[PDB]
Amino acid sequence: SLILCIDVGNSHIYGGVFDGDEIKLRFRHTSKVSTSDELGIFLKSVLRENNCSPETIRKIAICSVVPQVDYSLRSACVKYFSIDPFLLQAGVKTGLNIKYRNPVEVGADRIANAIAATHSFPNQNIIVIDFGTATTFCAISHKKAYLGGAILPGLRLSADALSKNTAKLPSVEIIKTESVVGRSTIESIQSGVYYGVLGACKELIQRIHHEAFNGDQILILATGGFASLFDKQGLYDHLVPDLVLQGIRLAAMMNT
């Protein structure tokens, strides 16, 4: 009765074994081109080497936004674990009213956020912010209706696209900046992308607050890798770093 959850994202393949409610172990793999044996050898070794026998995993649930790793992870599960995994796909039970034109366009990771956000915080209007590969914003009503949202590039994708498409301009590690007026080009990208997403969040919060929720009170939820660089500030109420893996389990239980 140890479940396993996987988020196949663009930056990483992200896993976490839940013993009921609390995560005993989390792991990471690169989302590359891999076979069901390569992924099968990995999933067993990554469990075993961290005080956790592979033969104890009773259920697997899968969430993905990369279709090219989909067949090979499903096939890895049916070979190395004897589990046909739960696929977070359209249209299983979610408990949510998708307000998109095409409900299939909403990625399963944003759905998993919205499932966990409305479980952990049941009766409030929610903005969820993922500071991951992208910087996604999503509005959800208190009646569990996924309204939609906005998608920006991440802090890595902001600082790397500058170095990629411009000559004589380097790449930089993301840290918190104190001053907005850089006396180096290196300090201009630091001030620019830090205080740029810091104002992008503030603006997207208030535009959505008044437009999606007509002025009603909200709960702001943060998740993702670059989330803890903004706890000083504005900006959001709860930092829930496992909001994706929580809701994969929570979608697997809706479909058991």
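Residue indices: 1-based, along the sequence shown.
Asker: Take the C-alpha B-factors listed in the entry for 113-121 and for 175-183, compute each mean, and give the stretch with the larger one.
Answerer: Mean C-alpha B-factor is greater for 175-183.
Asker: State which stretch shows the higher mean Cα B factor in the entry: 65-73 or 40-48.
Answerer: Taking the mean C-alpha B-factor of 65-73 and of 40-48, the larger value falls to 65-73.
Asker: Per the entry's Cα B factor values, which of 221, 229, 57, 205 stands out as the maximum?
Answerer: Max CA B-factor in the entry, restricted to 221, 229, 57, 205: 57.
Asker: Using only modelled residues of the chain, where does the Cα B factor of residue 215 rank: lowest third, middle third or highest third?
Answerer: Highest third - that is where residue 215 ends up once the chain's C-alpha B-factors are sorted.
Asker: Sorting by Cα B-factor within the chain, modelled residues only, which third would residue 100 end up in: lowest, middle or highest?
Answerer: Highest third.
Asker: Based on the deposited C-alpha B factors for this chain, I'd like to know if residue 197 is in the lowest, middle or highest third.
Answerer: For residue 197, whose C-alpha B-factor we compare with every modelled residue in the chain, the answer is the middle third.
Asker: Going by the entry, which third of its chain does the Cα temperature factor of residue 16 land in?
Answerer: It falls in the bottom third of the chain.
Asker: Sorting by Cα B-factor within the chain, modelled residues only, which third would residue 151 end up in: lowest, middle or highest?
Answerer: Lowest third of the chain for residue 151's C-alpha B-factor.
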